[PDB]
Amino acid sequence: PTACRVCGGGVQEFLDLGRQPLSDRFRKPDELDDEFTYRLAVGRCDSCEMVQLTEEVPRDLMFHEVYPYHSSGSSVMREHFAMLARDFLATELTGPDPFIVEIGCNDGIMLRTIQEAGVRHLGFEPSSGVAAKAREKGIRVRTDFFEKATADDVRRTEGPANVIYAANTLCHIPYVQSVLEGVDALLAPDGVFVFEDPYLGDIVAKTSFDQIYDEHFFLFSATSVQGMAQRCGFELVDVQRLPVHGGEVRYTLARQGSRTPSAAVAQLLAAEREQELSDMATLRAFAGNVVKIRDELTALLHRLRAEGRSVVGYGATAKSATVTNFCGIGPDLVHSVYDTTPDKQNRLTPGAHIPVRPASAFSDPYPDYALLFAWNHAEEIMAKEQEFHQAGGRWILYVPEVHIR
C-alpha cells in the first residue's frame, strides 16, 4: 500500500495500466531493445482525496538533457501562454520591481512575453536542451528542478516573487510538499502561486486515460488541490477551467486569508461533490470504461487491417505511450506516427516501437486512416491537414469513445 505524497494517508488503487516504458524516450531504430519499465497504476488517497500514481519514476530518468517535448510546437498553446503572460503583466506584476518565476518553462513559450515586457523573471527548466531554446530568446533560466532548496537559493539572491507559475508541470512532480515549501520560501506575502494541469473532472468525463503516464503523477481536482493548499499553508482562491490539453483547471493559491476565494471555487467544489467525482466508485467506473475503450480500439484496428485499410498515427505525444503499451498496438497495426518534433523523428515510439516520421511526410498518397494521438490538438492539426480529409482520409479518435470521422 502506498503513502500519499501530499498528506501521508493511504492510497487505494483503482486502475492498473500494466508495465509501461518511459513515455518520452524515442530510440533510434538500431538501439538495443532494452527500456526502463515500471508499473503504471493510479489510486486515490483516503484522507485528502488526491488521485496519484502508485509508483514514482525517478525525476532524472524523465527530465534531462534530451527531454524531447517542445512546448512551442503548438500555435494554440503559444497564443494561450502569451495571453496568460499579458494578463499577469496587467494584474499581478504591476509593481515597481516585480518578479515572476516559472516552474517548467521549457522552450520559453510563456516567459518570452515577460522578457519582452522588460520584467525581471526566472525560469526553472531541468531539461537542458529545451532550457537552451528559452535562453536563446533572452530568457533567464536555471537548469535545475524547482524544489525547496533551489527556491531558497533564488529567494536569497533575487528576492521574493510576485507570481510563481507552473503549467503542465506541477502534476509531473511527486515531491509537491518540497515544491510548496519552496513556494512558501520564495513567494511574496501578497503573491500568487498559479498552476494549470489536466483536470480529473475532464479525464473521468472523457475517459481520457492517456493523460495517465510516467510524467503525470497527479490528477488534480479542486477538492484535492483545496486540501493540498490548506495542509501546506496556502488557500485555493480562484479556479478557472481551460480547454487546452483535453481539459484543465488553473488553480490560484495565495497565503491563507490574504485574499477571499472567488465564488468559482466553492461552485466547482460543489459540482465535484454533486457528481461524486472523487468517489472510489466513480473512479472505478472510469477504470471499467478504460478497458472498454482498449477493447474497442484494438478490435477496430484489427478489423481495419483485415479489410486491407492502411492506418498511421498522428502526434508522438507522451500520452500515446500509454495507449500503445496498454492496448498492445505496434507497427503491424499502425505503421508510422507523424510528428513535427525533430528530436522525435527517425526514432521509434517507446515500448511499441512504431517509427516516427516528420509531419511533412503525411502527404499524398495518404493512408486510409490516422489514429489521432494528439486529440487535444485536434482543431490545430485538422486545420493544417484539410487535404488528407478531402482526399477521403479519416481520423480515428479514442476520446471520448472510439469513433471515426
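From 1 onward, residues are counted along the sequence shown.
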item	value
Average Cα temperature factor in the PDB entry - higher stretch of 44-52, 28-36	28-36
Comparing 293-301 with 110-118, the one whose average Cα B-factor in the PDB entry is higher	110-118
Which of 336, 360, 349, 341 ranks first by CA B-factor in the deposited coordinates	360
Selection from 313, 182, 261, 174 [criterion: highest C-alpha temperature factor in the record]	261
Assigned third (lowest, middle, highest) for the C-alpha B factor of residue 367	highest
Residue 247 by Cα B-factor - lowest, middle or highest third of the modelled chain	lowest
Third of the chain's Cα B-factor distribution that residue 81 belongs to, per the entry	lowest
Third assignment of residue 6 from its chain's C-alpha B-factors	middle
Residue 329 - Cα temperature factor, lowest/middle/highest third of chain	middle
